[PDB]
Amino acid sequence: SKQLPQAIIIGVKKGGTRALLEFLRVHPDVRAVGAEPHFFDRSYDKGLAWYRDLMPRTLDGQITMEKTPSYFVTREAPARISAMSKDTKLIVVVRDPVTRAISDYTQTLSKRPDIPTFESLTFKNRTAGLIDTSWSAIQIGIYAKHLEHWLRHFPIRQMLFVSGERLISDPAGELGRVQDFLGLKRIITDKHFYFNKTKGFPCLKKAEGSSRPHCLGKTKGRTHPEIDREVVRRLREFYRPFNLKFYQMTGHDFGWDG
């Protein structure tokens, strides 16, 4: 029967949310929705009967999952999800905030090519190095800011933060933690993955629902544009104090600042 997701991948955008979901779909005890529901942010009015109807069917002991990257930054998401159930497990796939802003910009550049440069959107006042905190690309990277709001409705024990960089260099190691966090037996492993030279990322030997090798679509693995390293330095400096706070809240250093 259909059940409401006991675990959600709530963020972040461009941290590697699809990759993680697609890898978790290999486990025999994970059933997940395909496309981003965007329920708790854009379609909450439709109610939990609509939400439950999107979910796949599951046997007993199977875990239902979804991923919507905007939840982590959408203001009302914590209260609403906890309202669904106070026990929901939450996962955040985090990434270097600066690489994430560039990946975010690169996604838009693949849709509206005429947009200004990353360096002009970066600043409100280049002459003074004042960064546009209103720009969504900047704001999503301040993980500690959004994390504080989630901890008003969830114990940090029910929240797992996955390394987006380590998801690319050692998918089997990272997914070992995620399986422990969801009470799933360690099944996903190194043999499930393989590196495709021409893609640049790990791929699945057999995806869920397929017997063939499966890499991620053309929408994942984009070539970023070349960015002024002075802006990158000024962007790493902006995030540094926020990254340090995030490390303390999570008890883990994700290596973005050394």
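Numbering starts at 1 and follows the sequence shown.
In the PDB entry, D87 places in the highest third of its chain by CA B-factor. In the deposited entry, the Cα temperature factor of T68 sits in the bottom third of values across the chain's modelled residues. When the CA B factors of the chain's modelled residues are split into thirds, the value for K191 lands in the middle one. The PDB entry assigns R42 a C-alpha temperature factor belonging to the middle third of its chain's modelled residues. Remark: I138 belongs to the lowest third of its chain, ranked by C-alpha B-factor as recorded.
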